Amino acid sequence: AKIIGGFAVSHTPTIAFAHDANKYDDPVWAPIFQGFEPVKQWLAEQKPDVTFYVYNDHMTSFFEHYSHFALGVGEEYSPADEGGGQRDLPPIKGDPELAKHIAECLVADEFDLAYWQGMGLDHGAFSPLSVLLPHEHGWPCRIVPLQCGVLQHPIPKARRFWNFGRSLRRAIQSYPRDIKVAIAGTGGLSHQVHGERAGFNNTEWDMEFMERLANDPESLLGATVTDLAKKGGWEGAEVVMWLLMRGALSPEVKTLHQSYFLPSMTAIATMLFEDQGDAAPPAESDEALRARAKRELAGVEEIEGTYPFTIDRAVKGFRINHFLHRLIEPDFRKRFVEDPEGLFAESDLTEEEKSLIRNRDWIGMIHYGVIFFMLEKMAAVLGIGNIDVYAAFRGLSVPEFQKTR
Amino acid sequence: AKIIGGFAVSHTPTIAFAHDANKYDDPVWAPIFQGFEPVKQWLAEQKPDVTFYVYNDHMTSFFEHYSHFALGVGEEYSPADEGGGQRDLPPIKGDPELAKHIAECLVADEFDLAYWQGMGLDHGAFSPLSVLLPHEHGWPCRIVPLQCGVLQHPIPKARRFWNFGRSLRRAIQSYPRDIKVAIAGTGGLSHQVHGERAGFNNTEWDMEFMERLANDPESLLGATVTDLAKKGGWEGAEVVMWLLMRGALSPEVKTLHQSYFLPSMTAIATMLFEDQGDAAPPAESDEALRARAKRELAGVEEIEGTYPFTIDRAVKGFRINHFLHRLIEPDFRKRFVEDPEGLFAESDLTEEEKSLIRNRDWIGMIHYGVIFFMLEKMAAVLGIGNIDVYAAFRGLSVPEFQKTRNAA
Ligand SMILES: [Fe+2]
Ligand SMILES: [Fe+2]
């Protein structure tokens, strides 16, 4: 519940390439890597427990279903295959409890979210993170990723991103755990990688944007996509993500560091902002905001025989829900009926999970965190009528259940 | 541009099952099917060009990535396999133009959205549609589906569904085509299908909800999920979608019809609302709304050598983008290098799309509507450097391009 600060950093895969290829001595990449050194050192000293990490995915894990603010709620994340294979980094751990609380608060403030788990993190995350955090033998902190749908227009207005950040600050602060959180905003700066204009950069704009972001972010809140794209190249307009992160910080920040390099296509920039705490007590106390986040499901526990599918439950049941979800695939469901144990062998299911499935333990699966609609697919595939399922939920025989109807 | 009205209907698959089993003469299902008739008739008599269709997916097309407001922007939608194979129905056409305009308005209004194409529409849509619309060869109308994430909490507050509906009205009215649009709100009423409370119904609440939704919907806006779930069952709380629909209609509506039946687990209910138009001018004019929705990209066409990836272009380039996106799959990208022609013959690519790929025509693909990040995958898979692609964009040799850079 303490925001220690935030950093802003370009997320080109060229950073990951140079790092993987060992260009720390290279005459071009040496000073660029030295540019990352202050942020890297700050993260090592401050030791944040979680980084809330704002990035965009590059038509890898988000494509056919493309959302504006997608909050990663899962247990851990690994590098996505981008068409080159999986980068050899270990999985970074998520923070499901922080994510849930943040989701509860953001929805209370009327932002519309997406929740995701299990999918790979593209270079949007692992490019800068592999250069800013040691990862030889695990990552030093947890991640709550927020993927922003900045590529398919219309996208949220610059001000919406900023307001997200403002509500995000309160959500993190009001989290009832004594932890240190860093906010990251990635992408940028100026660049365009498509069309006859590919190669566009604007260093004057980059330096102005950075100063405005640091010392007067509200001045940027009326900038349109057109403004940002004219000034910064089409893809450079992703810097609205920097605004989101900047919105999560104290109104006044100390800029501990700024660097800037432009070897190729992308202005590779980094910014380190030290949070200054709060000058005045916030407009609504942490206690009050907590009760507001809780309002919708307050007293749901008094509704007996009911297992709300909350984020915690989704995370708990993810493996088994994911497994059962595959019953929509003709080949998978046919194997499910013909050779379920071979299927169980190849899966990541735990032994209770398999046994729940084995025993057709309907109620036990609901207790466990299987969502009903995945059970329904399992029943239908097995030629078992839903009424059999409902009767078992009630611990009744079918004719007994039928009578109550 | 004209909202003619709305209909509310349960979307239980049991409706589809009864229809497909031909239970129109069943002593239980005859009156129930008679209950859909006024809506069927209204639809056939009114002939909306488009139905904006509010449903929820039942963990089929939306699972690992679960959004609150998912707008379907695609050209068409096929029934989803829900574990029992694909139902035998023709594809329903989408409306990418109206969805793009709606997207632009809702975002101008600070609603955070999702866009989706190509995935199956499940029974939430096809159960009640198959019963309400004739479909022997095609469908009478286009559809803009809005899939709402009502199943994984936290979900948007009831007031947010309603405010979504309020902005949706202005979004549709300001659409600059002279077309008729119906709005469908689906799901409910009372039921609970999981846990020891499974089997719960509340006809008293169901009737009260219908009365309030028709005549005092604003009285509903403060309802918490807890309150809705106690009254209507855990899954009966999906009725927030009826709120969204109702919010898109005129403040006062004419209730042309309502029915209610409870043969099994789910209260099967239908409501038909006739829009009464607007009594006052809207706070903001259509002309001004159109201007505000165009604001973010106004003047973009003056930026040379730039091809914004907007909804119309995402729809256009879908098949080729979907194809190249498959290059993240090990087996697929192997076949792409080793045997592309066999891959093309299995694909739904048009000949010119295959040709663009065959020729490694980077700028052509960009003009055509492939997004850069799919080309980047094709390039890398093929051992082609990004610099070669940028140079081809610029019409320059690789070293003349490299010269524009500060370092190679
Ligand atoms: Fe990016
Ligand atoms: Fe539903």
Side-chain angles (χ1 to χ4, degrees), chain A residues 376 380 386, chain B residues 4-48 50-58 60 76-82 84-93 120-147 182-191 206 210 235 238-239 241-242 245 255-273:
Chain A
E376 180 160 46
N386 285 0
Chain B
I4 58 171
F7 67 87
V9 61
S10 302
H11 63 219
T12 333
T14 64
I15 288 152
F17 182 89
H19 179 91
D20 296 352
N22 209 358
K23 302 174 77 174
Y24 280 84
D25 267 302
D26 179 63
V28 188
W29 282 82
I32 303 180
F33 282 123
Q34 203 201 64
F36 295 136
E37 203 57 75
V39 171
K40 202 191 303 206
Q41 282 169 20
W42 186 78
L43 289 169
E45 284 171 17
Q46 291 297 295
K47 307 159 181 173
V50 193
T51 300
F52 186 96
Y53 191 91
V54 192
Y55 77 110
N56 80 285
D57 177 85
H58 304 73
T60 298
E76 71 170 36
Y77 305 91
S78 282
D81 190 337
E82 320 201 12
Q86 283 177 240
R87 196 175 174 208
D88 202 4
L89 291 174
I92 184 162
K93 300 301 180 190
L121 263 179
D122 80 336
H123 74 262
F126 280 114
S127 181
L129 288 176
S130 64
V131 164
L132 289 177
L133 300 173
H135 53 269
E136 178 67 27
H137 302 261
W139 298 87
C141 59
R142 295 181 309 272
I143 179 190
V144 172
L146 184 74
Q147 200 281 139
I183 299 153
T186 71
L189 304 178
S190 64
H191 63 292
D206 289 337
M210 287 172 81
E235 285 83 20
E238 70 178 331
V239 289
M241 291 179 291
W242 293 34
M245 176 273 283
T255 304
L256 298 186
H257 174 78
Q258 64 180 110
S259 59
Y260 179 100
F261 298 99
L262 177 53
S264 192
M265 295 293 287
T266 303
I268 301 182
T270 71
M271 298 188 86
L272 179 60
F273 300 115

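In what follows, chains carry the letters A, B, and so on, assigned in the order in which the sequence lines appear, proteins first and then strands, with residues in each chain numbered from 1.
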Could you tell me whether a side-chain N or O of B:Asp122 sits under 3.5 Å from a main-chain N or O of B:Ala80, the two making a donor and an acceptor?
no
Min side-chain heavy-atom separation B:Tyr260-B:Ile268 under 4.5 Å
no
CD-CG distance between B:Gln41 and B:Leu43, expressed to the nearest 0.5 angstrom
10.5 Å
Do B:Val144 and B:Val50 pass the side-chain contact (heavy atoms from CB on, under 4.5 Å) test, and can you show the C-alpha distance, the side-chain angles, and the key distance before you say yes or no?
CA-CA 7 Å; B:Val144 172; B:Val50 193; 4.1 Å; yes
N/O donor-acceptor pair under 3.5 Å between B:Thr270 side chain and B:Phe36 backbone:
no
Would you say the side chain of B:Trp29 lies within less than 4.5 Å of the side chain of B:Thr14, judging by non-hydrogen atoms?
yes
Verify side-chain contact (heavy atoms from CB on, under 4.5 Å) between B:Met210 and B:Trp242, making sure each step is shown before the conclusion.
CA-CA 10 Å; B:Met210 287 172 81; B:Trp242 293 34; 4.3 Å; yes
From B:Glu37 CD over to B:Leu132 CG, what is the distance, rounded to the nearest 0.5 angstrom?
9.5 Å
I'd like to check the side-chain hydrogen bond (donor to acceptor under 3.5 Å, both in side chains) partners of B:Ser130; sequence neighbours left out, ordered by chain and number.
B:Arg87
Do B:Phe273 and B:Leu256 come close enough that some side-chain heavy atom pair is under 4.5 Å?
no
Taking atom CD1 of B:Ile143 and atom CG of B:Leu129, what is their separation to the nearest 0.5 Å?
5.5 Å
For ring-ring contact (aromatic ring centres under 6.0 Å, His included), just list the numbers for B:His257 and B:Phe7, CA-CA rounded to whole Å, side-chain angles, deciding distance to a tenth of an Å, and then say yes or no.
CA-CA 9 Å; B:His257 174 78; B:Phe7 67 87; over 10 Å; no
Taken to the nearest 0.5 Å, the spacing of B:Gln86 CD from B:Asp81 CG works out to 6.0 Å
Side chain of B:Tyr24, backbone of B:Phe33: donor and acceptor closer than 3.5 Å?
no
Less than 4.5 Å apart, side chain to side chain, heavy atoms only: is that true for B:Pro79 and B:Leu121?
no
Is B:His58 close to B:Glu235 at the side-chain level, that is, under 4.5 Å between some pair of heavy atoms?
no
Roughly how far, to the nearest 0.5 Å, is CZ of B:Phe52 from CD1 of B:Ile183?
7.5 Å
Nearest 0.5 Å, what's the OG-NE2 distance between B:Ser127 and B:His19?
9.5 Å
Decide if the gap between the ring center of B:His123 and the ring center of B:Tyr55 is smaller than 6.0 angstrom.
no
Please indicate whether B:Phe17 has more than 12 foreign heavy atoms, meaning atoms of other residues, nucleotides or ligands, lying under 6.0 Å from its CZ.
no
Does B:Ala267 offer a backbone N or O that forms a donor-acceptor pair with the side chain of B:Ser10 under 3.5 Å?
yes
Can you sort out the partners of B:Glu76 under salt bridge (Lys or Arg N to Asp or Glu O under 4.0 Å), two or more places apart, ordered by chain and number?
B:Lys93
Looking at B:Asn56 and B:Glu238, would you say the former's side chain and the latter's main chain have a donor-acceptor pair under 3.5 Å?
no
Qualifying residues under side-chain contact (heavy atoms from CB on, under 4.5 Å), relative to A:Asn386, sequence neighbours excluded
A:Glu376, A:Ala379, A:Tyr390
Any side-chain to backbone donor/acceptor pair from B:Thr186 onto B:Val54? Under 3.5 Å, distance only.
yes
Restricting to side-chain contact (heavy atoms from CB on, under 4.5 Å), what partner residues turn up for B:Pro90, sequence neighbours left out?
B:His135, B:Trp139
Is the CD atom of B:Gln34 crowded by more than 12 outside heavy atoms at less than 6.0 Å?
no
Among residues at least two apart in sequence or on other chains, which ones pass side-chain contact (heavy atoms from CB on, under 4.5 Å) with B:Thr266?
B:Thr12, B:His191
Pairwise side-chain contact, B:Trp42 with B:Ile4, heavy-atom cut-off 4.5 Å (strictly under)
yes
So which heavy atom on B:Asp26 is nearest to which on B:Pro31, and how close?
O-CD, 4.5 Å
Given side chains that start at C-beta, do those of B:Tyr53 and B:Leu146 come closer than 4.5 Å, heavy atoms only?
no
Holding to side-chain contact (heavy atoms from CB on, under 4.5 Å), I want the full list of residues that pass it with B:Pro140, two or more places apart in sequence or in another chain.
B:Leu133, B:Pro134
Check whether any side-chain heavy atom of B:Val239 sits under 4.5 Å from a side-chain heavy atom of B:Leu189, and report yes or no.
yes
Closest contact, heavy atoms only, B:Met245 versus B:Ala8:
CE-CB, 3.6 Å
